[PDB]
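Taking it in order: structure first as structure tokens, then the write-up.
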Amino acid sequence: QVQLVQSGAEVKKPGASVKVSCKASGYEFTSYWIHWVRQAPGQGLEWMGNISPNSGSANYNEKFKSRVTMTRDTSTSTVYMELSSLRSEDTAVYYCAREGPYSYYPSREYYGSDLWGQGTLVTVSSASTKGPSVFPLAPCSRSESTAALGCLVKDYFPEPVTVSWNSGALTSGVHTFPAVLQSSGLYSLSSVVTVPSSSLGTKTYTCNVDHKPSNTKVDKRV
Amino acid sequence: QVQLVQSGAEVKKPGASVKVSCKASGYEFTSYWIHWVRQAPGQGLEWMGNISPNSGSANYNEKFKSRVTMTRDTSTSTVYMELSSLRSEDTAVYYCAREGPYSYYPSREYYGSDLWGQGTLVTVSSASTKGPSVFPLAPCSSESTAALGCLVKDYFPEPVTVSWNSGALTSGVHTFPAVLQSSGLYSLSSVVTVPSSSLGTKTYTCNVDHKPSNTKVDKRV
Amino acid sequence: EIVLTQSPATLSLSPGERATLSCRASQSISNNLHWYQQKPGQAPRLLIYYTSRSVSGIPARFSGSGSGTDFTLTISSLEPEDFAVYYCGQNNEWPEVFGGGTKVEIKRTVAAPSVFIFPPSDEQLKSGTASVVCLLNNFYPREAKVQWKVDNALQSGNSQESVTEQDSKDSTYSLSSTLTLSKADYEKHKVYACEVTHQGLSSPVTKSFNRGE
Amino acid sequence: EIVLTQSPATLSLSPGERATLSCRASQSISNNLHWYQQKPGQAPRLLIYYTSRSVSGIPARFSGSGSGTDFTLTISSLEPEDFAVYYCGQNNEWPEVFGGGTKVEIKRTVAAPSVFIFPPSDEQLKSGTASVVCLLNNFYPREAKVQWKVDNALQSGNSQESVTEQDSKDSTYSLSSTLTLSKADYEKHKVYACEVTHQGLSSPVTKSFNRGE
Amino acid sequence: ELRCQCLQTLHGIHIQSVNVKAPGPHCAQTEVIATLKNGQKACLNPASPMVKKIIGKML
Amino acid sequence: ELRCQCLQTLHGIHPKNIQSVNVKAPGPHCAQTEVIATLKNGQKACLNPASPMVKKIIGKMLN
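Chains as they are written, first to last, in the numbering used here: chain A, 1 to 222; chain B, 1001 to 1221; chain C, 2001 to 2213; chain D, 3001 to 3213; chain E, 4001 to 4059; chain F, 5001 to 5063.
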């Protein structure tokens, strides 16, 4: 199978180092250049450098040269990316990609990066595993035709948290927002639902929260 | 003085060899390429090749490669052109020319051949030095102006000089360029247009000089 | 170094329509310009290589063209699976450089947000923090301004915003803004308002509550 | 190899007029095309180098231009010293190649030739050869046809012609044609004529003599 | 010119031009690029014996 | 490309400033061998193919 398989998600502390791997499969390893391209959350794509899977000769972006080292292991058909002196700014999804095939024939015309790995999320944080605190989102008074209700899932690490309503029976009108990173180094998200004003008192609305890293399961009727 | 001075005229026999020289003066000899360009009589210009004065590395036209050799002598600041297995077709004026200045920097924008030597005539012929035979050109039988002349036939090599009345008659004179005959010998004619009335009274003499054979002739027509 | 400028930042179209995307290079990159598609949570997927060449597994609707310093990606007729982010990437020189991206969004009519404000819970207030949440439900286009006012004083540095992906059934967006204060700061004020500005609203809408009412 | 084609072969103009000369290369020679002037008895003299550049000591009236494969030499206003042969020469590749040349001749009014025929001399006849000479005196333009007729039979391969350089004072040309025969062939015929065809003559002119008259 | 031209190098073959490119501001490896008489261009191993033979026979 | 690019060669080329070196074997337009060095400075300079320092710099570059 023609693949680029990468190592798993990493949580690293500022000043530390990360080593990401990329395992080539179902093709001539020696025939394609391997690039490392990173994507910061909500940003574009940034090239960090590449390596020749024959010689192990690596080429680096001057922005990362001083902190980055790329290596290869022909026996395993794997390439590595080591980033040092980690800063918050290095929190990104790191991708490996192949460009070729190329032989001993040079060309002024190049192929594109046709095959990418699944990516590796690297999180740079001084924080440790922590389960959230769930709070209701309820209006001040009782009204209008439609009411909004929700759950605030605050102060957890790392991502993700899953949120369902009425144990999965309520999907329509649900908005589970992307998590935000707070100045504390902990995550926070909110899930909301729009329901009819008439139903309040009679119909129940319960959010089901799951943070598998801390093994936190919570059900909250709002 | 900025100059390219060449060796003198040469008369060679088919199959033989000629060595023409070109002496560079008043400039940096190694700074300019030296080319050899020939001009056959009444024809265009043909490049034969060049030489780098420093290295003596020479480059030749494939048409002449097998018979031509260019050399240089840094001590004299002279270049040479040696053409072998001479044929009639090699009768031409051979010029040396400089192109530059250039240095170790390769370029793609070239200069022209700004300085040429005075040229070297090389004549390829199996013929031997021979003076001409002069004949009058007189009409058979009066129509205002008459034409008279001298036919200077069968001489080798060029040139022949022709004057009329020991240089006193220059107006209306036409001395034609020489023609090469199938015999390998040259032939020219000199004519004069004079009034019909003057014939009988005024005398008309052509003075022929072929310095190679030391032939001086005066012919009253 | 090379700078690839993608235009426009966002392209709003309906399925079946033709999509035309621009990439302008700072200087010549010959014809070594490539086109990639990216869907949320996935790696970029190469569509067109070397300005106009075809890629194995890529549908015919995708084509590219260019004139040395200006490039174009054309999607003949948009399918639902074509709504995503598109990047152009140069590999003529090193470092490889990519453009900012172009988001191809589903077009719909202007829809005003339904705005809701939520006070902090007493269970939260007991812990020493107060989060005030303001919700902007099902709006179009994406551009929206939220302004927190505590006793008519404009706030800044103490709020964070989150936006959903365009809705699968109605093609709108939803946004949440959260104002975080300490219980100390929270208890020193009464009026907590959320002012919302959007194209769909004829003048801004305010939702408020009074602390402890 | 490269072939430089000059056009026209001859250019007829008066002093003060503008002269435009063409040189067309067989294939690209970049801009390494040079212009040379040649006067009778002298070496070629470089006028313009690298398509349009100036040469030390060369008057301003001389300029050159060119568009990749087509080159031009322009002489703004002709001086008397400008009437000569002009060559174009390429040195982009080796071997260096030159064009066929363009002769820039002084223009004047049409002038018919004065034609004269001369029998061979008895002194020549005694040696075994007979040269019969026909003269075309002071004519314009250069194009002229001489036809030898021996007893009304048209001749060929047994004549040679010679032409003077354009006259310094009257701008005409003169030509001599010589028919060479053996005494044997000469003695077998009576009528020896020279037929001259030129623009200046309204129908051809014949000059003849009868052998031994 | 502005990145690396050679990923791999020739195995076992037969002239005209040989450009020896030292690592620079765009490439990190030594590239031995051979322009043939045939017009074609090839990447050769800088430490190879056939390479050291050709760059010398030319010199 | 179509004639001898070099008339003269340089004496003392600093090997720590040469970016690349091209070796042109005798061809149908130049019967000689030519060695052209491209500097980091961008400028191009010529070197004698038979020279010992030249054969050394080239040999040092293959390592």
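In this text, a Cβ means the ideal position worked out from N, Cα and C, and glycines have one as well.
Listed by position along chain D, the residues whose Cβ is nearer than 9 Å to that of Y1095 (chain B) are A3043, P3044. Nearest C-alpha to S3168 (chain D) among B:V1173, B:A1168, B:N1165: B:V1173. Contacts between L4002 (chain E) and chain C, judged by CB atoms closer than 8 Å, involve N2092, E2093, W2094 in chain order. Closest by C-alpha distance to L2073 (chain C), out of C:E2081, C:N2091, C:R2024, C:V2133, is C:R2024. Between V20 (chain A) and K12 (chain A), the CB-CB gap reaches or exceeds 8 Å. Put simply, the backbone Cα of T2005 (chain C) is about 14 Å away from that of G2066 (chain C). Proximity of chain E to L5062 (chain F) at the Cβ level (cut-off 8 Å) is accounted for by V4020, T4030, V4032, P4046, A4047, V4051, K4052, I4055, in chain order.
At a cut-off of 8 Å between beta carbons, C1022 (chain B) makes no contact with chain D. Residue pairing for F3116 (chain D): DSSP places it in a beta bridge opposite D:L3135. In the assembly as shown, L2046 (chain C) is a buried residue. Its beta-carbon has 16 or more other beta-carbons within 10 Å. Against chain F, a Cβ distance below 7 Å from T1071 (chain B) picks out nothing, because the smallest value is about 14 Å. By the Cβ criterion, the segment 1080-1092 of chain B is not in contact with the segment 4035-4046 of chain E, since fewer than three pairs of Cβ atoms, one from each stretch, lie closer than 8 Å.
CA-CA distance, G2057 (chain C) to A2043 (chain C), rounds to 16 Å. Counting other Cβ atoms within 10 Å of its Cβ, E5001 (chain F) stays below 16 and is therefore classed as exposed.
By alpha-carbon distance to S2171 (chain C), the top candidate from C:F2083, C:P2095, C:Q2037 is C:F2083.
Taking the Cα of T171 (chain A) as reference, the smallest distance to any Cα among A:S145, A:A179, A:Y205 is reached at A:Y205.
For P1136 (chain B), the pairing in a beta bridge is given by DSSP as B:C1150. Put simply, the CB of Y2087 (chain C) is near chain A, with a gap under 8 Å to one of its CB atoms. Contact note: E2187 (chain C) does not reach chain A at a C-beta cutoff of 7 Å; the least C-beta distance is about 17 Å.
In the DSSP assignment, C4043 (chain E) is bridged to E:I4033. In this structure, C:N2091 is the residue among C:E2195, C:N2091, C:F2116 with its C-alpha nearest to the C-alpha of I2002 (chain C). The beta-carbon of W36 (chain A) is placed no less than 8 Å from the nearest beta-carbon of chain C. Take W1116 (chain B), set aside five residues on each side of it, and the residues of its chain with a beta-carbon closer than 6 Å to its own are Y1095, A1097, in chain order. Residues of chain D whose Cβ lies closer than 7 Å to the Cβ of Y1102 (chain B) do not exist; the shortest such Cβ separation is about 12 Å.
Less than 8 Å divides the Cβ of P1053 (chain B) from the Cβ of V1079 (chain B). The Cβ-Cβ distance between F2116 (chain C) and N2137 (chain C) falls below 8 Å. Under a criterion of Cβ atoms nearer than 8 Å, no residue of chain F is adjacent to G4012 (chain E); the nearest Cβ is some 19 Å distant. DSSP, read as helix, strand or coil, puts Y3186 (chain D) in helix. Boundaries cannot be given for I2058 (chain C), as no beta strand (DSSP E) includes it and DSSP labels it neither H nor E. Between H5029 (chain F) and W3094 (chain D), the beta carbon gap of about 5 Å places them in contact (Cβ cut-off 8 Å). Here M4058 (chain E) carries a coil assignment [DSSP, helix/strand/coil]. A residue is called buried when at least 16 other Cβ atoms come within 10 angstroms of its Cβ; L2011 (chain C) meets this threshold and is buried. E2123 (chain C): member of the alpha helix (DSSP H) spanning 2122-2127, first to last residue.
For the pair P132 (chain A) and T71 (chain A), the CB atoms are not nearer than the 8 Å cut-off. The contact set of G4039 (chain E) on chain F, defined by CB atoms closer than 8 Å, is empty, because the minimum CB distance reaches about 12 Å.
Exposure of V2110 (chain C) is indicated by the presence of fewer than 16 other C-beta atoms within 10 angstroms of its C-beta.
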